[PDB]
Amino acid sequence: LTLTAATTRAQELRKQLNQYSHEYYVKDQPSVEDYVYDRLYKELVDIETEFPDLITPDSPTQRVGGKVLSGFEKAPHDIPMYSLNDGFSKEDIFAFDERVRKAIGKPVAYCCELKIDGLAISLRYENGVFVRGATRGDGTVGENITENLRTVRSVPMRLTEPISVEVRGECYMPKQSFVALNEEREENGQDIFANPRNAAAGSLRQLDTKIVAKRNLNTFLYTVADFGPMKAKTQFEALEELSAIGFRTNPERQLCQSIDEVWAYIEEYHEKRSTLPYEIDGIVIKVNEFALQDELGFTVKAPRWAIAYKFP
């Protein structure tokens, strides 16, 4: 296989393998059987081994990691990563809804999402290419964990469209991976992780990307910070649009027209809670219309258009 034949074949394989990987990791719905992916994967690895100069950032062989950093660099957030006000009872929720109605002057629809137990991260894309990944940190400055995020399978290295955007989401570790990880630590005489959140956070502080690639972390994107060319005028639309451009979003989302539908939603998943492959510790209620979120604005620490109902 010449260099010219390999240069061309590599792009075809990356193109196809990344599509398969998208259906598998992002949609949780693989089209082909693993052995189909494996052969093609092995074929690209042969080509990459023959011509290491054909290796690209979006090549699926990169998910295994390799870089070891001396430490993390500061990662300023152009747009703040605010906190969330909390509600602990049915009353707190209706109390919040009344304040929202008092400020807006009419009933408002809420986009409801599960409060994923993990670590909030920000992703930056230039012309569809993944260029930066950062932890939330203190809200205005986090850590630059770009190299580690490259190993998180559901994080696209190249979007379905060459657009430039900044999105924020939750990076977590599924219950079963959490369980196996602790057994592994127990076997090695290490201290186990108290919960999945700590397992995720601790994994993302790891400097050896080879290790982080094995931590089996996943993601759920919940917001667009810098829209770029994106349309979306409501949170519900933002979530569908995050999915359209190639991000992993949470299927359990729901748009509720009333505060009563929101409570029914809370109760619904309050039961289903234990049946999810990941831990949640509540529900995040968001004023759907961006025009309305803008009206409500933010307090000094959190938006006045959202509240997180924390489970008891």
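Just count from 1 along the sequence shown to find any residue number. Rigid core (definition): largest C-alpha set, two forms, superposition within 1.5 Å.
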- Note on the structure: After core superposition, the stretch with larger RMS C-alpha deviation in 7 other deposited structures of this protein, comparing 60-68 and 266-274, is 60-68
- Superpose by the rigid core: which stretch, 69-77 or 234-242, shows more Cα shift in 7 other deposited structures of this protein? 69-77
- Per the PDB record, is the mean Cα temperature factor higher over 93-101 or over 144-152? 93-101
- Between 23-31 and 271-279, name whichever shows the higher mean Cα B factor according to the PDB entry. 271-279
- Task: Check the PDB entry and point out which of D138, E166, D78, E113 has the largest C-alpha temperature factor.
- Result: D78
- Query: For the listed residues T219, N182, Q176, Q206, which one has the largest C-alpha B-factor as given in the deposited model?
  - Reply: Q176
- Note on the structure: For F193, the third of its chain by CA B-factor is the highest
- Item | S83 - which third its CA temperature factor falls in, relative to the rest of the chain | highest
- Sorting the chain's CA B-factors, does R158 end up in the lowest, middle or highest third? middle
- Within this chain's modelled residues, let me know which third the CA B factor of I285 belongs to: lowest, middle or highest. lowest
- What third of the chain, by the recorded C-alpha B-factor, contains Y37? middle
